[PDB]
């Protein structure tokens, strides 16, 4: 644990809280090891709760997003020259743990190359659980700490699937109090119906495309649309133009 401690990052400004990063092996058979980043709260704030933050994709890095351009302690400089401190970082009130998941994402890796062509919700969750159970062994002063799980987007799946596991596990050192999801997947049918309605309601697609989308995708999964849905979706993409679909009214990077 002390071994996982970070002294300083390049370009990092001086701070008053500790930080830790390293790997946990969740599958010795396969050689699957997840990388974490813990940004603690300041001493005075202790002992604060422990928050596991997960990014979506599927396939996107919690360190890459959560820690670096969202709620983490620092922001990266242009050209990747150094770090700047985040005035609104969440680790002001809690101990934030960022997990790169699944194996093959970010700094997280697998020793079984096949591993990356066969990921799914089930194994992602089981590895995530394993990671937590050993993480508490590496960091025993964290046992019994109120714990919360949070995430965005495809983590609408991750967060509740993992919470479910944690809960049914009945592990006595994990004091799960709850979870929070931002902009995430909940129910395929309803999300599709709502996505299209909001698009038409924001002037981003035509009346026809809107109708084609509803008729092409309602029986589909978000993750595995049919060819009719893809066709529909390709027209819409062309009606949307060169916009940041993740933030309708802000500029696109050049």
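Positions refer to the first chain, counted from 1.
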Please compare 194-202 with 207-215 and name the stretch with the higher mean C-alpha B-factor in the deposited structure.
207-215
Taking the recorded C-alpha temperature factors, which stretch has the higher mean, 101-109 or 175-183?
101-109
Selection by C-alpha B-factor (highest) of 160, 140, 80, 72
80
Residue selected from 52, 67, 30, 38 by maximal Cα B factor
30
Hey, what third does residue 117 fall into on Cα B-factor, ranked over its chain?
highest
Residue 169 - which third its CA temperature factor falls in, relative to the rest of the chain
highest
Entry-reported C-alpha B-factor of residue 60 relative to its chain, by third, is middle
Lowest, middle or highest third - CA B-factor, residue 149:
middle
Considering every modelled residue of the chain and its Cα B-factor in the PDB entry, is residue 22 in the lowest, middle or highest third?
middle
